[PDB]
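Peer 1: Chains as they are written, first to last, in the numbering used here: chain A, 13 to 66; chain B, 712 to 925; chain C, 43 to 74; chain D, 11 to 128; chain E, 40 to 161; chain F, 50 to 162.
Note that beta-carbon positions come from the ideal geometry of N, C-alpha and C, so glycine has one too.
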Amino acid sequence: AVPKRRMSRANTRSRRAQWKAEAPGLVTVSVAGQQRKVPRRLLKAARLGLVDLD
Amino acid sequence: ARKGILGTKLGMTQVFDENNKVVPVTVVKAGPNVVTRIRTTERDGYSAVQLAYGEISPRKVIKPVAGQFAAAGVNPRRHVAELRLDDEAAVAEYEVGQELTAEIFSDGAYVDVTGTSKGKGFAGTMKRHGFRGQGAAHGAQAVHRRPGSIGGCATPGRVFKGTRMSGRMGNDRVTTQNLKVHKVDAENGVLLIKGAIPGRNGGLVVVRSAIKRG
Amino acid sequence: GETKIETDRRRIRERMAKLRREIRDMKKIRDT
Amino acid sequence: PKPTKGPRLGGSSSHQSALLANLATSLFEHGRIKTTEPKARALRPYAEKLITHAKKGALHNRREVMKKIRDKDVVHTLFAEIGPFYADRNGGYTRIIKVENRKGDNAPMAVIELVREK
Amino acid sequence: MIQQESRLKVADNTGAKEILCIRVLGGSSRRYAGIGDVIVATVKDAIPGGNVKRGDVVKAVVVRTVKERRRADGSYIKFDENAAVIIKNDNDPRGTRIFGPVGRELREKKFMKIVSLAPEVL
Amino acid sequence: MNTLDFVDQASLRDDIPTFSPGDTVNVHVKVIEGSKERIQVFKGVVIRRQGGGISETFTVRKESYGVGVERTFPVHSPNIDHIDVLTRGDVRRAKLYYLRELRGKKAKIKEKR
RNA sequence: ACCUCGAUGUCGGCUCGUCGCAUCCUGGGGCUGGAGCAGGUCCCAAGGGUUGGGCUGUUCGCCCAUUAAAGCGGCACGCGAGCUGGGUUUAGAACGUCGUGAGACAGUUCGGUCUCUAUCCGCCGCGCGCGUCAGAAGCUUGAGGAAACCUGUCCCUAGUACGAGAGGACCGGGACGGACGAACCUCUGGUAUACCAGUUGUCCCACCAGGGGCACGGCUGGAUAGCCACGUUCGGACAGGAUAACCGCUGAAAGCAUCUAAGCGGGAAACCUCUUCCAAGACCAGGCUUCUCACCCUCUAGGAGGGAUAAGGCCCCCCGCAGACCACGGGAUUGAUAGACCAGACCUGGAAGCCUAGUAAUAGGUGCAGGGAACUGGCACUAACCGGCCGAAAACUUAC
RNA sequence: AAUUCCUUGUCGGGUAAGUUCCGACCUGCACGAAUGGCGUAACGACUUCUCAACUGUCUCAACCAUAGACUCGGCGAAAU
RNA sequence: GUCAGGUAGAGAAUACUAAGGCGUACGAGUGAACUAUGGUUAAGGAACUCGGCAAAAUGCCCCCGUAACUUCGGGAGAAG
Numbered sequence: 013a014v015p016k017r018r019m020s021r022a023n024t025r026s027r028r029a030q031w032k033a034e035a036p037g038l039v040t041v042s043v044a045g046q047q048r049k050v051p052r053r054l055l056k057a058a059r060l061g062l063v064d065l066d
Numbered sequence: 712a713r714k715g716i717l718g719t720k721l722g723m724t725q726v727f728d729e730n731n732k733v734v735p736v737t738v739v740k741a742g743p744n745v746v747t748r749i750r751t752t753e754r755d756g757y758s759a760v761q762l763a764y765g766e767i768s769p770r771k772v773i774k775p776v777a778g779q780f781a782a783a784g785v786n787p788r789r790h791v792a793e794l795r796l797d798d799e800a801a802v803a804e805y806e807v808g809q810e811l812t813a814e815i816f817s818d819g820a821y822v823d824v825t826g827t828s829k830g831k832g833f834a835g836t837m838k839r840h841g842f843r844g845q846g847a848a849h850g851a852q853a854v855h856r857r858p859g860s861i862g863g864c865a866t867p868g869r870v871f872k873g874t875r876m877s878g879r880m881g882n883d884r885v886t887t888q889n890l891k892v893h894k895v896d897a898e899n900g901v902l903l904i905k906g907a908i909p910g911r912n913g914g915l916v917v918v919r920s921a922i923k924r925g
Numbered sequence: 043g044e045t046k047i048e049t050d051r052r053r054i055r056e057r058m059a060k061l062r063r064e065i066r067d068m069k070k071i072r073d074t
Numbered sequence: 011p012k013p014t015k016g017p018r019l020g021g022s023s024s025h026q027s028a029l030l031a032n033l034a035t036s037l038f039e040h041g042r043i044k045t046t047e048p049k050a051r052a053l054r055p056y057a058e059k060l061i062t063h064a065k066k067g068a069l070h071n072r073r074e075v076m077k078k079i080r081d082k083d084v085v086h087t088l089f090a091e092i093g094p095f096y097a098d099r100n101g102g103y104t105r106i107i108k109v110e111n112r113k114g115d116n117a118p119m120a121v122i123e124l125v126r127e128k
Numbered sequence: 040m041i042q043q044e045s046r047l048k049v050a051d052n053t054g055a056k057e058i059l060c061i062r063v064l065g066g067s068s069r070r071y072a073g074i075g076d077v078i079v080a081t082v083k084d085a086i087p088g089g090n091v092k093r094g095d096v097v098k099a100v101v102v103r104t105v106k107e108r109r110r111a112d113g114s115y116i117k118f119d120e121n122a123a124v125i126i127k128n129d130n131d132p133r134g135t136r137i138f139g140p141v142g143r144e145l146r147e148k149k150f151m152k153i154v155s156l157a158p159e160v161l
Numbered sequence: 050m051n052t053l054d055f056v057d058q059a060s061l062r063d064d065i066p067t068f069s070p071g072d073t074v075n076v077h078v079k080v081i082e083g084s085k086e087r088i089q090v091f092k093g094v095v096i097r098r099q100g101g102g103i104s105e106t107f108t109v110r111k112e113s114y115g116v117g118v119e120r121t122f123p124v125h126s127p128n129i130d131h132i133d134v135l136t137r138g139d140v141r142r143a144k145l146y147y148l149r150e151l152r153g154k155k156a157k158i159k160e161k162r
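The following block contains the structure:
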């Protein structure tokens, strides 16, 4: 099974647009007196100190 | 015309007849209902009664729903369904706020139980449609379970909508008919239907008088 | 058989069967 | 505890049975270990079962732990410190905290502790 | 669950010793025969001075089966061999003595002569 | 302890003697034939017991006329009026399926003195 | 000899279908050299059904058991990017015949690689987006579709009708089945890679005792939940409308007759309703009803753009018998959703230590003991968090 | 018959049923004596038929675990 | 081409292991269909098919006992 014909310009763009990313949802954390943004998943770990803020 | 009530399927057990036979029964908790809405022809174009069931804490109800129950004067419940009657000669004996119980049925009454069957996920043809596979020996090449042919060859040139192949099976509404009620346990509000009814333990079922033998 | 009459033998044998099926039906006409 | 529904953690059931012992042998030793998130969730019911054996400490429960962890210096710590520490708290001796993923494979990652609050 | 090609041990005294089932009577394309279902068999083994010789098609009824069989009470009956009793076209044994216990289910299927001659009906 | 208990509690049948696999027992099963009612005694050893409460189930294996029969009963069945344990067996299993291939002296069970 | 030789893979079998009717069974009739039973021939009818084996590569055919019946055909003599490769149709070798010979066969015999990661249409499933003149939510109507439609034996009627015997009914009732399908797991069975016990070889925990690793879970005997079938329960009904072949009533053209030209009726598994399921993307995008029903800023105010909200929803979190991901369903401290802990059910079957008897293998007591996952009921001990992103109204014409 | 077209020749044995198989007939299309004829104990990953045991080959499939398949992060082709 | 530990064993086969050497270079997950490689199976046991193809079965040591036929060696580990 090989592609029978060259795929049109419009046809490849429409499918290629579905290969995208997703920006995470960040949440404010007050550790060491400076407000940072971490995902709400890592909320508890940021206050304990288990996560480093590069 | 046809009685009906909303209940939840508890499980299966066995009990013994009067000739000392055995009848495999299914226990249904046809708990109390209320009538929250009544559907007449001059408003809705058909006749039916709307029933409510379950227990829900009033902090769990959407505000649009919490207003619908206040328009009938009842506390909110979880599940709201509808029993479709046929004429006003049957509708007239229901009334908003009236409470139904398991005692509307008697022993030996034939009922029809409806519910959503279990789910089996993405199931192949050999299981879903009851196909055959090719042989398990005598040279078959990686073809032990796949469906086989599909259609014609250059005439049909296509696949004839409605053919049977692999897909997600189960988890759809199904109705079994003419199940015989063995006993109505009015003290616990429990029905003992003889047989096997769709769903899982703790689902939601609707038992109604049999359309064929009622 | 490159001339390919090896397929006509089962065509010729079949014709004997059909012609036999003719006579037994006629055997039903007179007997009834 | 209830067996793993899906495929096992180490590529075989034999490996998982040896991998879950090494993770418990290292939790009771340090008090906080950091591992992959599905490895932490599978360890939690496994680890709290041995600490129950420690609480009702007898010769019978010493031999029941020794057939899992196979070590002899952790099993002493398990029957002299960890057991008597949780003599009053009823269940739930560990907690799972979720942290930032890895880098080479972006695997979800969590750290699992021993509750030391009471 | 005795089907075509199964071998059953004859419980009669007709001179047969073992039969091979040819067909299960009862309906079109029927598969299994339990206690009280009539088969068509061929005698695959007979005693020398016997009344019935090997290689003839004869009719018989099952009397015992290895697969356990339900009963309306909810109780089960299960023997340890498959056995058959050669009958004629009027539902009576060709032999005069029946060997070993038989199932109760022959009673409700009107095998009245077989039940009476059996040592123990279970 | 189950969710369905109230339904099975009424049907439960008391005064069942305490018997376990290995015991020899005789069951007085009722039989109906020609509108007549009588009892038939089935005597053998108990080789199984599959607990379910009301769904309890035990089987009794007997050797009769050179053929070994088995018969599976529900413990709380009404077709059984008496169960009378005779001897106490002394076995090491809980399902005695090894007796299905032993004939004669090799199939004798030991007695719990 | 018109398409294809810069390739349209050739016979059988398997899997999977779909259509025609020139109908094998079941359904309705006309005629009969049709007494009855049973037939013969023709007409109407495609809803369902149409078995398993022996011989041959075989289609075909013959045969063995049955059955209500074991239909005929089309779809590249359907179906090899779905499977086989027995045959035909490469290279080896031999037999008969032909040839002086290399070799050949219109004959036979033993053997002989079956390649491909699906781009497009097509089909089975599942999502994201927008629309349905504000934003949401609960419950539903049905245009239009999909599925199912099979049938036997016995007992009354009645040894009655018919017949001179032998034989033996129409119609109408009742019971029990075969095959097929759907749902379910109480029962019977099958499986069990974190359950329990026995045990062989070896290495280890200093040694005894007690255990562990490896050898298909080492091998054996059982095995709750889940998934299943060999298991359990249920289904294909009753009634109606319009008709086919056929049967007619009233009736002329044609003083009579005629089922026909005016009218009126009977009539079958075929058709439409009847039963189960999907279904408002049904663009005429539906109906009943209930919530929110509300603020600011800028272009030059015509409209637009931007911001912030309510009802509600999404994402993150604890999960599910829901599941490829997504989706669906439940829970989120005002908390029983999962784990842990306590107890029960069930499975295994009598733990470790000690005491006793034996020279010893080993046995008995403490003891329905010990160990244990899925099922049930309790208990906030552990984790559902001192949280982010979406998300609401130009009006006008006429009747009233 | 590794040879026989007509052919599934005819009779016998085996099977419930045997175009294959074994024994025999002779009407040898188109066997035949070192291109050897007829047999033969032992031997054959050769070809043909029958039987006991055994089994998922089948009636009729069901369940479990691993490697792919599916989801996520990295690198990243091909015939056409 | 040369060395050849221990315990079972006839063995340099096979299982575990000492000295010694490695964990070998994409991973993390998730009970989809389907494919591949292992495992178990009620009742029946070749009914599948071109054909018992593939699986299953038999499997070691010591005793007892072993047919036709024969080139007198065999058949023979016959069978049981």
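(1) Compare the C-beta of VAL121 of chain D with all C-beta atoms of chain A and state if any pair is closer than 8 Å.
(2) Taking C-beta pairs closer than 7 Å, name the residues in chain D that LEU65 of chain A reaches, listed in chain order.
(3) With a Cβ-Cβ cutoff of 8 Å, do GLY37 of chain A and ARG52 of chain A count as a contact?
(4) Look up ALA99 of chain E in the DSSP assignment and give the residues it is bridged to.
(5) List the residues of chain A whose Cβ lies closer than 7 Å to the Cβ of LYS108 of chain D, in chain order.
(6) Just checking: is the beta-carbon of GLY863 of chain B within a distance shorter than 8 Å of some beta-carbon in chain F?
(7) Among E:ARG103, E:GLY113 and E:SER155, which has the Cα closest to the Cα of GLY142 of chain E?
(8) Would you call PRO55 of chain D buried or exposed, if buried means 16 or more other Cβ atoms sit within 10 Å of its Cβ?
(9) For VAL109 of chain D versus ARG42 of chain D, is the C-beta distance shorter than 8 Å?
(10) Check whether the Cβ of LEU811 of chain B sits closer than 7 Å to any heavy atom of the ligand HEM, and report yes or no.
(11) Checking the sheet assignment: what are the DSSP bridge partners for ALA35 of chain A?
(12) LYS92 of chain F by DSSP, collapsed to three states: which one?
(13) Is any beta-carbon of chain F found at less than 8 Å from that of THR724 of chain B?
(14) Given a threshold of 16 other Cβ atoms within 10 Å of its Cβ, counted over all protein chains shown, does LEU161 of chain E qualify as buried or as exposed?
(15) Comparing alpha-carbon positions, which option in F:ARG87, F:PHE91, F:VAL118 and F:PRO127 lies nearest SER104 of chain F?
(16) Just the C-alpha distance for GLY101 of chain D and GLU58 of chain D, rounded to the nearest angstrom, thanks.
(17) Taking only three categories from DSSP, how would you classify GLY138 of chain F?
(18) For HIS77 of chain F, write down the residues that DSSP places opposite it in a beta bridge.
(19) Cβ closer than 8 Å: which chain E residues qualify as neighbours of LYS732 of chain B?
(20) Going along chain B, which residues have a C-beta under 7 Å from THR52 of chain F?
(21) Chain B partners of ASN128 of chain F, CB-CB under 8 Å?
(22) Does the count of Cβ pairs from the stretch 82-102 of chain E and the stretch 123-135 of chain E closer than 8 Å reach three?
(23) Can you have a look at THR53 of chain E and say buried or exposed, based on whether 16 or more other CB atoms are within 10 angstroms of its CB?
(24) Determine the direct distance from the alpha carbon of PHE55 of chain F to that of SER828 of chain B, and round the result to whole angstroms.
(25) Any beta carbon from chain D within less than 8 Å of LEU60 of chain A's own beta carbon?
(26) I need the straight-line Cα distance from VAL105 of chain E to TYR114 of chain F, nearest angstrom please.
(27) Checking contacts by CB at 8 Å: is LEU903 of chain B closer than that to chain F?
(28) For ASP798 of chain B, collect the residues of the same chain with a Cβ closer than 8 Å to its Cβ; drop the 5 residues on either side in sequence, then sort them by chain order.
(29) Compute the Euclidean distance between the alpha carbons of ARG136 of chain E and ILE61 of chain E, then round it to the nearest angstrom.
(30) Determine, using beta carbons only, whether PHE55 of chain F comes closer than 8 Å to chain B.
(31) Near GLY914 of chain B, which residues of its chain fall below 6 Å by C-beta distance, leaving aside the five closest residues on each side in sequence?
(32) I'd like the span of the beta strand (DSSP E) that includes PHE122 of chain F, first residue to last.
(33) Restricting to Cα atoms, I'd like to know which of B:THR752, B:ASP883, B:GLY756 and B:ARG789 is closest to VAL772 of chain B.
Peer 2: Straight from the coordinates:
(1) yes
(2) Within chain D, no residue comes near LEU65 of chain A; the closest Cβ sits about 10 Å away, beyond 7 Å.
(3) yes
(4) For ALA99 of chain E, DSSP records a beta bridge to E:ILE78 and E:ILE125.
(5) Within chain A, the residues near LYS108 of chain D are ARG53, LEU54 and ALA57.
(6) no
(7) E:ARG103
(8) exposed
(9) No; because the gap between Cβ atoms is not below 8 Å, this pair is not in contact.
(10) The ligand content of the structure shown is nil, which means the ligand HEM is not present either.
(11) Looking at the DSSP assignment, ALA35 of chain A forms no beta bridge with any residue, so it has no partner.
(12) strand
(13) yes
(14) buried
(15) F:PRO127
(16) The alpha-carbon atoms of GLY101 of chain D and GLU58 of chain D are separated by roughly 8 Å.
(17) strand
(18) F:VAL90
(19) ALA111, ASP112 and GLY113
(20) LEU721 and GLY722
(21) Taking a Cβ-Cβ cut-off of 8 Å, the neighbours of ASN128 of chain F in chain B comprise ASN731, given in sequence order.
(22) yes
(23) Residue burial is scored here from C-beta neighbours: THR53 of chain E has at least 16 other C-beta atoms within 10 angstroms and is therefore classed as buried.
(24) 26 Å
(25) Taking 8 Å as the CB threshold, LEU60 of chain A lines the interface with chain D.
(26) So the alpha carbons of these two residues sit roughly 16 Å apart.
(27) yes
(28) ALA712 and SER758
(29) 24 Å
(30) yes
(31) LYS720 and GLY826
(32) 116-123
(33) The shortest Cα separation from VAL772 of chain B among B:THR752, B:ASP883, B:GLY756 and B:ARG789 belongs to B:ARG789.
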